[PDB]
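There is one chain below, alone, in structure tokens, taken in the form solved without its partner chain.
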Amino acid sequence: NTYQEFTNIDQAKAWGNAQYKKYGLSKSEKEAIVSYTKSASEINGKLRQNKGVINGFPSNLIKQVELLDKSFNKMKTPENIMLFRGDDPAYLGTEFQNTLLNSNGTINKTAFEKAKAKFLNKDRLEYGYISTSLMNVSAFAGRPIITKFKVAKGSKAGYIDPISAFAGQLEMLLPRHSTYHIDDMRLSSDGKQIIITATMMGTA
């Protein structure tokens, strides 16, 4: 099966805007999404710390998480699509925070082989929501790890760019507790990034 890869910003925005018009999100769902784009690192950080258990969160955050989850009843991709994400070294583990990058800006090759040993051809579960973009965008394309996600037709995925608090991000949000399988890992041509290819699964 082939996956749609946008290569033009205006073409991506036109497609995304068309999807967003059909969702019919409620007022409260939209509020939850806007706030998510302002506070995602904090929300996702708490979901990771507590392994997806929200019982101990403040009541307003439980409500927001519930509305974000509910929004995906309305938000599905109509086709196989490729999505993009930038991550910093901690994404790979605590052990990579201060070892992944060399002084000259290149990925350390020993750290890269350890990352492959740890993640290649294996499932990974993410407790947070996964923010992605329809293309490589400048806000995140300079991070040391770039992931290309293969997301199948009918999967939960929502273009929230129209109500994001930030410009230029072409954001497609994926649900929390998603599992993906890392199919490939390689160094970029200039040796400054790791490129990950992964197939998105469900939230089971």
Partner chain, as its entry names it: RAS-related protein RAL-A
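Positions refer to the first chain, counted from 1.
This protein has a second form, the form solved in complex with its partner chain, left out of what is shown; the following refers to that one.
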{"item": "Proximity of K13 to its partner chain in the deposited complex, heavy atoms at 4.5 Å", "value": "yes"}
{"item": "Its partner chain contact at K38 in the deposited complex, heavy atom, 4.5 Å", "value": "yes"}
{"item": "Touches its partner chain in the deposited complex: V34 (any heavy atom, 4.5 Å)", "value": "yes"}
{"item": "Proximity of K30 to its partner chain in the deposited complex, heavy atoms at 4.5 Å", "value": "yes"}
{"item": "In the deposited complex, the residue from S164, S178, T147, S155 that sits within 4.5 Å of its partner chain by heavy atoms", "value": "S164"}
